[PDB]
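>>> coordinates for the following, if possible.
(7 chains, ligands or ions: 4)
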Amino acid sequence: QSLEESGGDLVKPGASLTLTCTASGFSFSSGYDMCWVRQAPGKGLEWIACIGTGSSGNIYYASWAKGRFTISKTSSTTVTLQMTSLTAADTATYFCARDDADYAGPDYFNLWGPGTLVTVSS
Amino acid sequence: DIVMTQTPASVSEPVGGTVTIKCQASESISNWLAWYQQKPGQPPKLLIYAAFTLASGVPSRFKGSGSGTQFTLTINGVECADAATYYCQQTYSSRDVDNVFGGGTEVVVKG
Amino acid sequence: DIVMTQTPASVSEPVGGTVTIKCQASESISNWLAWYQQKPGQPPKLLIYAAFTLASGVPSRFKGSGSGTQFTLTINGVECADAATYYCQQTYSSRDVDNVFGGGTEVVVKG
Amino acid sequence: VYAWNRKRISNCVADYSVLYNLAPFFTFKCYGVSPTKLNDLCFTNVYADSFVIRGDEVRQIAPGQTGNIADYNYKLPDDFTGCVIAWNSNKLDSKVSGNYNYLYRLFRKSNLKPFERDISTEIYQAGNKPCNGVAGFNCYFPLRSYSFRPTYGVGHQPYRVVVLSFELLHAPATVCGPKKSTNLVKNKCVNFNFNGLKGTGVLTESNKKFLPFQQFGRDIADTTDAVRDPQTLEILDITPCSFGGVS
Amino acid sequence: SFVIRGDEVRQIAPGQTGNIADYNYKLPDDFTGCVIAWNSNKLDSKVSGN
Amino acid sequence: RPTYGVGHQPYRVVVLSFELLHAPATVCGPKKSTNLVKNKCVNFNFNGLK
Amino acid sequence: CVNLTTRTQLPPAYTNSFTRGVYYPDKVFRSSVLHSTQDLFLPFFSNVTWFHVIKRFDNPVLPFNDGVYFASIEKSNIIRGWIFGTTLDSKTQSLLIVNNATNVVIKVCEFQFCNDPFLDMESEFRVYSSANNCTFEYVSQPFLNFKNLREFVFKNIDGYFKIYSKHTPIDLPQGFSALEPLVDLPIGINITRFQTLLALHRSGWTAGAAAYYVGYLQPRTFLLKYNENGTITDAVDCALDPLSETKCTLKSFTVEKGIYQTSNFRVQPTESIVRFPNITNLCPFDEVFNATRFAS
Ligand SMILES: *[C@@H]1O[C@H](CO)[C@@H](O)[C@H](O)[C@H]1NC(C)=O
Ligand SMILES: *[C@@H]1O[C@H](CO)[C@@H](O)[C@H](O)[C@H]1NC(C)=O
Ligand SMILES: *[C@@H]1O[C@H](CO)[C@@H](O)[C@H](O)[C@H]1NC(C)=O
Ligand SMILES: *[C@@H]1O[C@H](CO)[C@@H](O)[C@H](O)[C@H]1NC(C)=O
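Numbers count the residues shown, from 1 in each chain, chains lettered A, B, ... in the order given. Ligands and ions are numbered 1, 2, ... in the order given. What follows is the structure:
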């Protein structure tokens, strides 16, 4: 099974983009947690938001993205995260990872997607 | 609520040595921890989950140790293919946390 | 420190009978015992170890009994191939012992 | 259970009526104080220790008990004070794949003294030859993982255990029960309660000059006579209500 | 002297009931004297099976 | 099964049966005797009688 | 750490404790009541060590035992604080108390104390070289012809460090003064030895005129007299001399003329004698225990 991502391109500052994470070979079961992270070009990993694919999603956000970002599931195999007002520092590589336990939060990320490149420029 | 730091920032040793990496937490996380290895231009891979258990398909050269507040990762032998970046994850309480992962520590293996 | 005696010296019975052999110890050796059978011109073989358990490949005709001081070996039926000598071994304490084995008891099967 | 948390509770009011919806199917069997009147009491120092254990091992969390958990994971003092709480948590801590994240110590050189944590992961040498980091025969990893089996009885299901340690002193109180603070009435037969000290009498303004550190006041018979209210830092006298014989 | 399992060491006591206390070694209720038990894994364990 | 806990490991047990009585002493403690000091206030111990 | 050897070598003198070192044994209030209590007290008329500072430099390490009564006849407040611990190094935890120009500094840390700790306006701090594992800290208002008398009692029971103090304007003078409890510390560390800290003045360094006295507490029963205001005004030691023991059994401070039966006396035994039968052969326990194989 693969978890390739999409929706990555050059975006002007102060705009909005909507990334899409699509599962391959499986559907979003309720016993797993499908969850989002990003990586700056030269920094370490950092966590954005995290949504449960169960009956009642335990949607969670990081402190530095309290209202800037919003994660949502759209179908049985598609989870989408969209963000508004991209600043200069928001350029990064976005990985869509899957969790291994539905403990209302990101546990060990056993599965990772190839990642997509999203940059901001004028 | 819980914040972590990863030390040292960088390490370097001959091919025959052993590297150790320290990950400490602001408050007690007890057992819940994970060690991720990220090669450049590649998504990170899980190595140690539950702070002791080796992952699937990983060689028996990476040792996790400690519990509670101080955690140490020990590589008994490097083979020039372990030169990468390693992060530690709290996976204990992510209700109001800026970043579950720790900082970056890259290992340089001078063959 | 512990000495063993084996009685009777000789036994003889028809092919359809049952022979019994007694092995008694000076002090209590509890469960530790072994019954050894050697054919003439042949090294001995293990028959009963732990005073009850049959050895490997041994037919279910030799029965061990008793524990502690008095031990008895009972053969339910002879077939002219059991005419040999049998010894009992203390295997409990051999720190200062002249001979762990007991005396000789040869069985004669008059077919 | 081996790396149990430790939390400090101070400078707050503790309510126990709330501990019903948060912990369904709880069991507050405990020691050192009658649970019926925990409401009107004050506790100087409260320690909360939480962990997860199997159902059949919940009986090991008690003073004077012996067992795998009591020896190698969590030892309680014989003169223990405070109450323990345990409730089933199958709905929360059971996974269909298998809950392999809860670890318990199985091998240890010697029994734990009360209130000690052992986080060491050194290989256990159960034989004669040194292990030297090898985990072969007679060389066992000291920590084993709970393999919960909910299909069996509740004795094979994860029970969350929270242990509270009190001190039960009535003067420098910083943690007290959820009851309110009724306004004081003087020169009337009332049954009062000052930081868990319950007594019946009439409370009058006093001229006794307590030193700044002194709290209570004793008579000859070693019964409280003058007391200092927690609020307004005032000095009062306790006089028993009128009584006598009838002829 | 004898050899028993670890979990059965509690059965060697006055008034106790169990498999060991009933069928192997029974102690009097008014027992006097002291018992000693120590682990012997290093001495009485074989890789083949004891 | 030593792989499991100490409850599945061989424990050697030795049980001693005393008979506390103080006159025809046959087995006594390891304490050494002392010369007979007389005519002064001395703590005495005669066959366990303190 | 600065090596210092200018101290004059001289055995400490001794003096009389008189009736000093009485503290409130509890936190309750009692008035116009003669109460008899049993606690750790400095016995009346005992030998308390005398140290003088002026080229005299008396800063030795003294045992702690069950307790210490610390006094100081001071002018200009040379003494700054005290040091507590067992080995006073990085092996074992220690405790520190100082009173700088601002406030008090109480720290329980893994100090590496210098061989000759002291202090030097004051702008030189030379006590310890390192302190890594710090466990407790506390800050409060500063505690502090010879004119100033400082009295302290240090106790370490049940993992709590109790300190009692009293400041009085003025050898130990004739008088009686209770000790008010000052602060309680939930430290809980091993304590067997302690030292003192001095503020040597630099002009080299010159030490002013000062002295301090150290006494040791013992468990005994006192009889305390409370006046109408709740203040301890007089106390009687119940094991000093027969007259005081007569007062204690009567629960009164004045004994009327007559005969009084106080106690009973016993000739305490000196030696211990044991006489077992004439047997020397050692019992066969190694054979039973160290046997290679036991029975089923
Ligand atoms: C503290 O106690 C005083 C006592 O009269 C009261 O007036 C005041 O409101 C109290 N403060 C708070 C925050 O409750
Ligand atoms: C007690 O002090 C006196 C001097 O006042 C001295 O002569 C005597 O030796 C001292 N006793 C002890 C035991 O040191
Ligand atoms: C304190 O130290 C002494 C010796 O230094 C030792 O005998 C004693 O057991 C210690 N007490 C504690 C509570 O550690
Ligand atoms: C008690 O205090 C009062 C002051 O209100 C004082 O006049 C009186 O002398 C004190 N009592 C004694 C015994 O000194």
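
>>> which secondary structure element is home to the spatially most central residue of chain D?
Residue closest to the mean C-alpha point of chain D, counted by C-alpha atoms, centre = their mean, is residue D:164 at 2.0 Å. Using DSSP states H and E, residue D:164 falls within strand D:158-165.

>>> just checking: what are the partner strands of the following helix or strand past that strand?
Note on strand D:158-165: by DSSP H and E, the next helix or strand toward the C-terminus is strand D:175-176. Each strand that pairs with strand D:175-176, with its direction, by DSSP bridges: strand D:12-13 (parallel), strand D:42-43 (antiparallel).

>>> what's strand D:175-176 in contact with?
For strand D:175-176, contacts defined as C-beta atoms under 8 Å, 6 or more residues apart in numbering or on different chains pick out D:9-14, D:41-46, D:195-196. In short, each C-beta sits where N, CA and C put it, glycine included.

>>> now distance to residue G:72 too, for these, in TSV please.
Formatted as TSV, the contacts of strand D:175-176 follow (distance: C-beta to C-beta, whole Å):
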residue	distance to residue G:72
D:9	41
D:10	36
D:11	37
D:12	42
D:13	44
D:14	45
D:41	43
D:42	39
D:43	39
D:44	33
D:45	34
D:46	40
D:195	38
D:196	41
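
>>> most neighbours among these, which one?
residue D:43 (25 neighbours; other C-beta atoms under 10 Å in any protein chain shown).

>>> follow-up on the earlier one: thought the residue nearest to the centre of chain D was touching residue D:50?
No. If you go by C-beta atoms under 8 Å, residue D:164 and residue D:50 don't touch, sitting 10.0 Å apart.

>>> how about the contacts made by residue B:105?
Here residue B:105 is in contact with B:6, B:7, B:8, B:9, B:10, B:11, B:21, B:85, B:86, B:87 (criterion: C-beta under 8 Å, 6+ apart).

>>> related to what we said a few turns ago, on the strand side of things, show who the residue nearest to the centre of chain D bridges to.
Applying DSSP bridges, one finds that residue D:164 bridges with residue D:48.

>>> next: residue A:119.
residue A:10.

>>> now for it: which residues touch it?
Residue A:119 touches A:10, A:11, A:91, counting by C-beta under 8 Å, 6+ apart.

>>> find the nearest non-adjacent residue to residue D:143, please.
Of all residues not flanking residue D:143 in the chain, residue D:103 sits nearest, at 4.8 Å (C-beta to C-beta, 6 or more residues apart in numbering or on different chains).

>>> hang on, isn't that neighbour packed against residue B:31?
Yes. Between residue D:103 and residue B:31 there is a contact under C-beta under 8 Å: 5.8 Å.

>>> okay, the two: which has more neighbours?
Shown here are residue D:103 and residue B:31; by other C-beta under 10 Å, residue D:103 has more neighbours (24 against 19).

>>> got phi/psi on that one?
phi -110, psi 150 (degrees, to the nearest 10).

>>> what of residue D:156?
phi -120, psi 30.

>>> reformat the strands paired with strand D:175-176 as TSV; add distance to residue G:68.
Below are those laid out as TSV (distance: least, C-beta to C-beta, whole Å):
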stretch	distance to residue G:68
strand D:12-13	38
strand D:42-43	33
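
>>> closest one to residue A:76 among those?
Comparing these by their distance to residue A:76 (C-beta to C-beta), the top pick is strand D:12-13, with 46.3 Å.

>>> contacts for that closest one next, please.
D:175, D:176, D:177, D:178.

>>> residue closest to the middle of the chain?
Unless you meant another one, I'm taking chain A. residue A:36 (2.9 Å).

>>> not what I meant, chain G
Short answer for chain G (C-alpha atoms, centre = their mean): residue G:68, at 0.7 Å.

>>> in the strand or helix carrying that one, what's buried?
Using DSSP H and E, the secondary-structure element containing residue G:68 is strand G:67-74. The neighbour-count check on strand G:67-74 (16 or more other C-beta atoms under 10 Å in any protein chain shown) flags G:67, G:68, G:69, G:70, G:71, G:72, G:73, G:74 as buried.

>>> skip the chain neighbours and tell me the closest residue to the first one.
Spelled out, it's residue G:67. residue G:217 is the one closest to residue G:67 (C-beta to C-beta, 6+ apart), at 3.3 Å.

>>> please apply the same query to the fifth one.
In this structure, residue G:71 finds its nearest non-sequential neighbour in residue G:213, 4.4 Å apart by C-beta to C-beta, 6+ apart.

>>> that neighbour should be in a strand, yeah?
Yes. The assignment for residue G:213 is a strand, going by DSSP: H, G, I helix; E, B strand; the rest coil.

>>> how close does it get to chain F?
39 Å (C-beta to the nearest C-beta, to the nearest Å).
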